[PDB]
Amino acid sequence: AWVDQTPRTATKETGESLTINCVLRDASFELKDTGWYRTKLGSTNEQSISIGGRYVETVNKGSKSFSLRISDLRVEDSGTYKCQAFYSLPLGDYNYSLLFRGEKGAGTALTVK
């Protein structure tokens, strides 16, 4: 399996939006959850993006697609963005399963100004 992440690079002006599209390709396991991460300009630390506000995610599990649209961009939003698939393994208990990290997109290098 692999995550097909587009676009690879983007340049936007402040105030514009970016849509990043991810598609889980040649899947073995069923897509359960998704995550979005960024290393912002000036920083070496990759951090999680909380979905909400300027950050709007749309997930279509049937087409194995998940997208992030970031509105009202500012120059500090510039950086590398990566999406990630998550899967689960069953357990012998509940209603309680085992979530685990899946494949990551290759990234989108965004430049804002």
# chains A, B, ... in the order shown; residues from 1 in each chain; ligands from 1

$ residues_around --residues "stretch 6-22 of chain A" --least-positions-apart "5" --cutoff "7 Å" --atoms "only C-alpha atoms" --output "PyMOL selection string"
chain A and resi 65-75+83+107-113

$ residues_around --residues "residue A:63" --least-positions-apart "2" --cutoff "10 Å" --atoms "only C-alpha atoms" --output "PyMOL selection string"
chain A and resi 23-25+31+59-61+65-66

$ closest_residue --among "A:89, A:27, A:41, A:1" --to "residue A:76" --atoms "only C-alpha atoms"
A:41

$ residues_around --residues "residue A:36" --least-positions-apart "3" --cutoff "7 Å" --atoms "only C-alpha atoms" --output "list in words"
residues 48, 49, 82, 83 and 84 of chain A
